[PDB]
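Okay, so here's the structure we're looking at.
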Amino acid sequence: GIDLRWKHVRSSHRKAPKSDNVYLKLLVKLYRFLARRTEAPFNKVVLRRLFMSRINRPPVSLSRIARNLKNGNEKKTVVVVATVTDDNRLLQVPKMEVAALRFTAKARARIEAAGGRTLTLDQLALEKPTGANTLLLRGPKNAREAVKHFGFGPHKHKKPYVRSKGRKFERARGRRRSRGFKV
Amino acid sequence: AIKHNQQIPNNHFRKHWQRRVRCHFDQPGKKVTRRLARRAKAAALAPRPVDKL
Amino acid sequence: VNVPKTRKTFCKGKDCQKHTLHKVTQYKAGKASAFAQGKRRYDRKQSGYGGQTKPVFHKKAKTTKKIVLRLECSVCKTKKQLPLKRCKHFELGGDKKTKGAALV
Amino acid sequence: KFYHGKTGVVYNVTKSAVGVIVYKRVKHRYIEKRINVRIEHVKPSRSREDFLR
Amino acid sequence: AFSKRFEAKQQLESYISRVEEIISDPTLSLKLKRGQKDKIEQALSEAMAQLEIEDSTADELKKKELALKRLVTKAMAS
Amino acid sequence: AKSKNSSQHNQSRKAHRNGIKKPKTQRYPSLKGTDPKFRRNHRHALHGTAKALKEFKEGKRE
RNA sequence: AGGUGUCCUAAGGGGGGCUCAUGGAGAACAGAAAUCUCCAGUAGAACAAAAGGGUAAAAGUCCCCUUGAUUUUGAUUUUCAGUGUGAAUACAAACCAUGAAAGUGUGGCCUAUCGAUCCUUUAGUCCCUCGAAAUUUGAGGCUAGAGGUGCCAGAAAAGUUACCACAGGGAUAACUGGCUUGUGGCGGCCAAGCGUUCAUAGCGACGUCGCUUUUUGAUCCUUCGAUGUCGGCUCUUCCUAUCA
RNA sequence: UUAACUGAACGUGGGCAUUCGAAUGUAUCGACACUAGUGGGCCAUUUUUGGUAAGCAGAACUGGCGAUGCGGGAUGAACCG
RNA sequence: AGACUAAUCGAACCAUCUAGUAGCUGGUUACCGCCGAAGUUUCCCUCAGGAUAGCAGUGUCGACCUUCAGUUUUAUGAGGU
RNA sequence: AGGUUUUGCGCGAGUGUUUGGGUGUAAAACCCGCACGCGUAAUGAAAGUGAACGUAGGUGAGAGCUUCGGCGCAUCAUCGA
Ligand SMILES: [Zn+2]
């Protein structure tokens with residue numbers, strides 16, 4: 031006997047992509063080699079984010095990129111391991127160079143129209159193998175419809191499951207002191 | 002019998018619905034029939050247009 | 002339990018908004034109307050064959066009722082309602098009790 | 055009667071009362087409790103004086 | 536209503552006269568305190584008074600029947 | 002027929018199974034329950050001190 | 001071992017003067033006990049009710065003035081899922097009571113004294129709708145109370161079957177078996193006395209220690225897809241607490 | 001809020017490590033999502049209630065059987081290793 | 001006599017609605033690997049049954065955050081067996 | 001058939017050809033568009049009204065980058081508009 035509390039406990043994070051894209055398999059091979067034989071911490075972070083599922087890689091927009099291009103960051107390279115989406119609100123697009131997993135049709139056109147350049151994760155390793163002069167970005171993880179229903183309960187101010195919305199659907203008892211109580 | 006956080010169901014399936022089910026397996030067969038009727042009608046009205054103003 | 006015929010308390014009138022003399026009177030429920038929506042629906046449900054269609058209460062247990070005082074402002078004729086606890090004795094305008102005047 | 059003997063931290067001060075924060079142990083989790091006590095019941099504590107000295 | 540009120544009026548008068556004997560005799564009053572006596576007679580003050588008014592009904596008479604009985608019965612019991 | 006009424010035999014072991022979790026303390030406690038009269042004035046106080054410190058670039062230089 | 005379905009225009013709120021139960025010594029009628037006076041008196045008295053806690057220039061007692069037992073909504077504590085109902089604590093914005101003033105007051109000194117959806121009814125603003133357009137009746141909405149469920153988180157409800165039926169239960173009775181032996185039966189110890197006189201030839205009060213499972217109870221472990229439930233007739237064997 | 005820049009909370013600037021101010025361990029840090037079975041229990045040391053008592057009925061802390069073999073108690077779900 | 005009415009009577013026989021409902025009995029089909037329970041809280045014409053919290057598995061993300069502990073020492077409070 | 005969370009895939013402020021039409025080696029395959037569904041704006045019973053003081057705010061932590069001064073994603077708490 032050994033009197034242990036835990037035994038044969040597994041890991042908690044993904045160790046390989048679940049997708050079977052052939053090109054993504056090549057991209058993992060490149061960065062798995064780079065992370066082993068390079069001291070730059072930028073490479074290790076990029077490798078793990080390639081394994082993540084779609085809900086853990088939310089899209090980023092052109093506006094969010096322009097927000098972080100101030101206060102002395104006009105000359106750095108933006109790297110986003112996700113999709114990049116055009117924003118209809120932004121009227122004037124600044125000049126930038128972006129390395130992203132993929133672009134929408136309109137986002138690519140407007141970036142190069144202003145005088146920019148669109149890169150690729152493989153070209154990024156060829157130009158900046160150590161990731162010097164770069165900044166990483168993420169999308170809003172919690173900005174999803176399904177997240178608003180999480181942890182429903184009294185005094186929580188969450189969103190209920192209703193087949194429609196109107197005065198005939200819920201409200202009434204338990205939502206106003208005029209009919210019994212309130213929550 | 003509800004058990005968890007669910008949406009309240011309303012499925013109108015307590016009558017004898019199985020007696021009246023209308024599957025559509027003749028969608029392509031019917032289309033051929035209409036095309037045979039149009040070109041047959043167009044032949045009868047040789048120089049005239051098919052439709053009306 | 003007896004209460005005076007008059008007392009002065011807050012008045013929520015549009016122009017009083019202060020303490021003002023009030024007259025005290027007991028509240029009595031009115032006659033049930035014959036054209037309310039609840040009555041009109043009940044009459045239709047009972048017509049024709051079928052019998053009694055809604056429950057009839059039988060098992061009563063309470064012996065008393067709560068007393069409700071209706072007040073009236075002496076200026077703007079505004080009214081108020083103040084509930085009380087359950088009681089047997091209610092009277093407005095009764096005489097006050099006397100201390101130390103015992104006699105049989 | 056549960057709080058007779060416990061120690062807490064003041065979080066609010068009013069005309070004649072103070073608000074105290076104490077931690078209560080329900081089965082399998084702790085809960086934060088906030089109570090209002092008149093100053094006749096509270097008393098300064100020498101628990102932290104050794105540390106401050 | 537006239538008969539019910541008159542019956543309850545007789546019963547309340549009967550009980551007031553009945554309790555007057557307890558408060559009047561010296562044997563029971565010897566061990567019976569002043570503090571209960573003056574409060575019972577204080578309640579009896581408005582008890583004689585409410586007879587003079589005419590709007591009193593049977594309910595009132597029954598209430599003061601039981602209020603007087605509970606008040607006097609604690610003194611007599613202990 | 003009759004059956005056992007109540008028990009507490011295995012409750013202590015169940016609670017300690019995956020720890021008794023104490024909520025984490027944190028730097029800024031909430032201001033819920035503080036009296037409103039002090040709360041209104043505290044709002045005005047913070048409004049002024051932000052403007053004054055913003056003027057530090059073209060101004061007072063305290 | 002007990003208690004609750006109530007009671008109070010003051011038995012609620014403010015202020016002031018006084019100190020209780022009981023005991024000692026005195027005074028015409030006056031006595032155990034009627035009224036008056038002095039000294040001692042830590043609560044041994046009183047505070048609506050069951051019990052517990054609390055109170056002496058008071059929370060008791062008498063006197064003076066009053067209606068904070070009022071209006072608009074939020075946060076917190078107890079039972080707890082940290083849902084509802086009941087009850088309770090501390091502030092904020094108005095209007096008042098009392099007192100020279102500081103202050104106190106959001107019912108009873110504290111711990112119990114009570115109630116959802118639907119429907120009906122009253123108060124409030126001067127408000128919204130009746131969908132072709134107007135004006136008056138009527139009807140429908142929003143906010144706060146009352147009419148009640150005591151099986152008290154809340155169905156509308158009388159019997160019989162010995163003519164009987166079905167799904168199940170040894171989670172549950174009537175018979176054996178098992179543990180216990182109060183009651184039933186049997187056997188000891190001490191020695192006041194009975195026994196012509198003499199405790200023990202033969203008995204034994206007041207007390208006290210045991211055995212048995214042929215009496216009757218207590219328990220409900222095994223059998224309800226079944227262990228044939230009184231008595232007698234017949235026949236074999238074993239136990240000893242011994243009738244010959 | 002105070003007779004009063006007198007206080008109160010939240011702040012700018014500055015000072016204090018040469019040693020961030022008890023022991024031992026860290027073979028297991030925090031948060032979220034979805035869902036299965038279960039809701040007849042029983043036994044033992046110490047404390048303990050009703051009963052003459054019971055392999056009887058009812059509770060508190062902890063360890064067990066149920067869900068589990070192996071070596072001892074000849075045998076024996078719960079005793080010892 | 002609740003007797004008889006085609007071996008059927010305290011309400012005959014035949015087909016259909018009908019695969020009538022069951023909180024109740026019985027059964028439920030190959031192998032290996034890893035983790036591993038509950039008979040307890042609150043409400044219900046509830047007590048052979050359900051919802052709710054607990055125990056359990058799997059999928060993860062944030063840092064590898066240096067945070068923590070069914071433990072001891074030192075300082076200081078409460079209790080009425 | 002209708003819901004719900006998680007995994008893979010296409011497009012992305014949009015997205016969905018197939019009720020229907022054109023065509024065909026004919027129940028296959030290929031092409032076309034007007035409407036419409038969900039999403040982009042909430043709140044009240046209702047008549048109704050309808051989202052920038054600031055480089056889209058202030059403070060404490062934050063991976064990574066850096067000219068070494070600093071700039072600081074996601075997310076957690078808190079004070080404001
Ligand atoms: Zn008025």
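Protein chains in written order, with the authors' numbering: chain LQ, 31 to 213; chain LL, 2 to 54; chain Lo, 2 to 105; chain LT, 55 to 107; chain C, 536 to 613; chain Lb, 2 to 63. Think of the CB as a built atom: it goes at the ideal place given N, C-alpha and C, for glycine as much as any other residue.
message: Any beta carbon of chain LQ sitting closer than 8 angstroms to that of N6(LL)?
response: It does: the Cβ of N6(LL) has a partner Cβ on chain LQ nearer than 8 angstroms.
query: Taking the beta strand (DSSP E) that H20(Lo) falls in, what are its first and last residues?
result: Counting along the chain, the beta strand (DSSP E) containing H20(Lo) begins and ends at 20-27.
field: Residues that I588(C) contacts on chain Lo, provided the C-beta gap is smaller than 9 angstroms
entry: Against chain Lo, the beta carbon of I588(C) has neighbours under 9 angstroms at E92, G94, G95, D96, listed in chain order.
field: Proximal residues to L567(C) (C-beta, below 6 angstroms), its chain only, five neighbours per side dropped
entry: For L567(C), the CB contacts under 6 angstroms within the same chain, skipping 5 residues up- and downstream, are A610 in chain order.
message: Would you say the beta carbon of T21(Lo) is closer than 7 angstroms to some non-hydrogen atom of ligand 1?
response: Yes - ligand 1 has a heavy atom lying nearer than 7 angstroms to the Cβ of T21(Lo).
- request: Taking only beta-carbon positions, decide if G34(Lb) is within less than 8 angstroms of chain LT.
  value: It does: the Cβ of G34(Lb) has a partner Cβ on chain LT nearer than 8 angstroms.
task: Assess, as a yes-or-no matter, whether the segment 79-90 of chain Lo is touched by the segment 555-564 of chain C under the definition of 3 or more beta carbon pairs within less than 8 angstroms.
output: They do not touch, by the three-pair rule.
- request: Please check if any C-beta of chain LL sits within less than 8 angstroms of the C-beta of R193(LQ).
  value: At least one beta carbon of chain LL lies nearer than 8 angstroms to the beta carbon of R193(LQ).
message: Using C-beta distances below 6 angstroms, list every residue in its chain close to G62(LT), excluding the 5 sequence neighbours before and after it, in chain order.
response: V74, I75, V76.
query: With respect to the beta strand (DSSP E) encompassing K9(Lo), which residues constitute its N-terminal and C-terminal limits?
result: It spans 7-11 - the beta strand (DSSP E) in which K9(Lo) sits, taken as one unbroken run.
task: Kindly identify the DSSP beta-bridge partner or partners of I75(LT).
output: Under DSSP, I75(LT) shares a beta bridge with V63(LT), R88(LT).
message: Below 7 angstroms, is the gap between the Cβ of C77(Lo) and the nearest heavy atom of ligand 1?
response: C77(Lo) has its CB nearer than 7 angstroms to a heavy atom of ligand 1.
- prompt: Are three or more beta carbon pairs between the segment 58-68 of chain Lo and the segment 542-554 of chain C nearer than 8 angstroms?
  reply: Verdict: no, contact absent.
message: For ligand 1, is there any heavy atom lying closer than 7 angstroms to the beta carbon of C88(Lo)?
response: With a cutoff of 7 angstroms, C88(Lo) does not count as near ligand 1, since its C-beta is closer than that to no heavy atom of the ligand.
- prompt: Considering only residues of the same chain and omitting the five flanking positions on each side of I3(LL), which have a CB-CB separation below 8 angstroms?
  reply: Here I3(LL) has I9 as same chain residues with Cβ atoms under 8 angstroms from its own Cβ, once five neighbours each way along the sequence are excluded.
Inter-stretch contact at 8 angstroms, needing at least 3 Cβ pairs: the segment 75-94 of chain LT / the segment 33-40 of chain Lo: Cβ pair count under 8 angstroms is below three, so no.
message: Between the alpha carbons of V75(LQ) and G161(LQ), how many angstroms are there, rounded?
response: Near 11 angstroms, if we compare the C-alpha coordinates of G161(LQ) and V75(LQ).
Residues that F182(LQ) contacts on chain LL, provided the C-beta gap is smaller than 9 angstroms: Neighbours of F182(LQ) on chain LL, chain order: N6.
task: Indicate the three-state DSSP secondary structure (helix, strand or coil) for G570(C) in the structure shown.
output: In the structure shown, the three-state DSSP call for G570(C) is helix.
message: Which residues of the segment 570-587 of chain C have a Cβ closer than 7 angstroms to any Cβ of chain Lo? Give them in chain order.
response: Those would be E576, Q577, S580, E581, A584, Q585, in chain order.
- request: Specify the secondary structure class of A2(Lb) as computed by DSSP and reduced to three states.
  value: Three-state result, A2(Lb): coil.
query: Is there a Cβ from chain Lo that is less than 8 angstroms from the Cβ of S559(C)?
result: In terms of beta-carbon proximity, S559(C) lines the interface with chain Lo, with at least one pair separated by less than 8 angstroms.
task: Can you give me the Cβ contacts of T148(LQ) inside the same chain, cut-off strictly under 7 angstroms, excluding the 5 residues immediately before and after it?
output: The answer, listed in chain order, is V128, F133, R138, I141, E142.
message: Taking the straight line between their C-alpha atoms, what separation do you get for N86(LQ) and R201(LQ)?
response: The C-alpha of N86(LQ) lies about 35 angstroms from the C-alpha of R201(LQ).
- prompt: Which same chain residues, not among the five before or five after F199(LQ), have their C-beta less than 8 angstroms away from its C-beta?
  reply: Result list for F199(LQ): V192, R193, in chain order.
task: For the beta strand (DSSP E) containing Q82(Lo), list its first residue and its last residue.
output: Note, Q82(Lo): beta strand (DSSP E), 80-87.
field: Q585(C) to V25(Lo) span [Cα, whole Å]
entry: A straight line joining the alpha-carbon of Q585(C) with that of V25(Lo) spans about 19 angstroms.
message: Can you confirm whether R83(LT), when its beta carbon is compared against all beta carbons of chain Lb, has any partner nearer than 8 angstroms?
response: At least one chain Lb Cβ lies under 8 angstroms of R83(LT).
task: Name the two residues that bound the continuous beta strand (DSSP E) containing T68(LQ).
output: That residue, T68(LQ), is in no beta strand (DSSP E); it is neither H nor E in DSSP.
message: Given this structure, state the Cα-to-Cα distance separating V213(LQ) from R206(LQ), to the nearest angstrom.
response: Roughly 8 angstroms separates the two Cα atoms.
Candidates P98(LT), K97(LT), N66(LT), of which the one nearest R88(LT) by Cα: Nearest option by C-alpha distance: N66(LT).
query: Mapping DSSP to helix, strand and coil, what is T54(Lo)?
result: In the structure shown, the three-state DSSP call for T54(Lo) is coil.
query: Under three-state DSSP, which class holds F63(LQ)?
result: Here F63(LQ) sits in helix by DSSP.
query: Should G101(Lo) be counted as a contact of ligand 1 given a C-beta to heavy atom distance under 7 angstroms?
result: Checking the Cβ of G101(Lo) against ligand 1 gives no.
- prompt: If we ignore side chains and look at the alpha-carbon of each, how far apart do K100(LQ) and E69(LQ) end up?
  reply: Going from the Cα of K100(LQ) to the Cα of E69(LQ) covers about 29 angstroms.
message: Run through the DSSP bridge pairs and tell me what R83(LT) is partnered with.
response: Note: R83(LT) is bridge-paired with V80(LT), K22(Lb) in the DSSP secondary-structure output.
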